[PDB]
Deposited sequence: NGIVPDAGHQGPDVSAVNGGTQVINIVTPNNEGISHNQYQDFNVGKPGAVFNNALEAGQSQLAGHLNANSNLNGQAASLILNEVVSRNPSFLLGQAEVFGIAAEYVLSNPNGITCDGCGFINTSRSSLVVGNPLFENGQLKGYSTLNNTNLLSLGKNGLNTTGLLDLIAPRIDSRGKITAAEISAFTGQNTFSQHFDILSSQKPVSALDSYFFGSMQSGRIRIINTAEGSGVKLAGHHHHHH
């Protein structure tokens, strides 16, 4: 039970558990193509987790045969935004798979995220955001780490994806190998657009230091600290 959807209108529904892997029927995408999913708890164990973005039944990598997701009402999500609404931090110890149509993937958890052997399957871009998504009259305008001092931690087992990767947090402490098509890490207290452009930055009252003690297997790495040890 690592993933516990919210009971409200943006809470998705668990549709299967196959060999220990939770399968999440994400909520209907909005007119911008965003499936905005809310959770009281969001954690992935070794068996991984599947996010069902499929209009046809077929074979998943992590959970065997899966069905179409009727919540999609005929249109797959462009962006799967997973948002923790409680005070609970997230632990990611395995792979998150988008089943069906490839999409962008975001996990936001302003309380903290730890990835230790996590990864992302069938995503064009995946982002881990220790911060709040900013919605304005229902539209996603970006993300905020303002006033936040919490940590994105990457453990010794690292992070892997074939797609693009964004790491957004007040501070980042990484101790393992990060494999991605491109790595963009943005630290400090910032506001961001939906595309992770930095729109504003603020000075924290105390230092927010970040540490990258592992390795980076990627052809392009960008690190922006608006408030870096290697």
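Gaps in the model relative to the deposited sequence occur at 228 to 231, 235 to 242, listed in sequence order.
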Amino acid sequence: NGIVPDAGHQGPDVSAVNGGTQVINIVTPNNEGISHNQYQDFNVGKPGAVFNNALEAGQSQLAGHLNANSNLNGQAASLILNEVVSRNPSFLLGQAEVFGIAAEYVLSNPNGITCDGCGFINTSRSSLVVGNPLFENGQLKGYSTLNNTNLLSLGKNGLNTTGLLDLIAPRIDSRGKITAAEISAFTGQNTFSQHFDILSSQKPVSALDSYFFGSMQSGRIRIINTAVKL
From here on, numbers count along this sequence of modelled residues.
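The stretch with the higher mean CA B factor, choosing between 63 to 71 and 174 to 182, is 174 to 182. The PDB entry records a higher mean C-alpha B factor for 154 to 162 than for its counterpart among 96 to 104 and 154 to 162. Of the candidates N25, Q22, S218, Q10, the deposited coordinates give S218 the top C-alpha B factor. Among all modelled residues in its chain, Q139 ranks in the highest third by Cα B-factor. Sort the modelled residues of the chain by CA B factor and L199 lands in the highest third.
When the CA B factors of the chain's modelled residues are split into thirds, the value for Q38 lands in the lowest one. Among the modelled residues of its chain, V4 has a C-alpha B-factor that falls in the lowest third, as given in the PDB entry. In this PDB entry, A169 carries a Cα temperature factor that places it within the lowest third of its chain's modelled residues.
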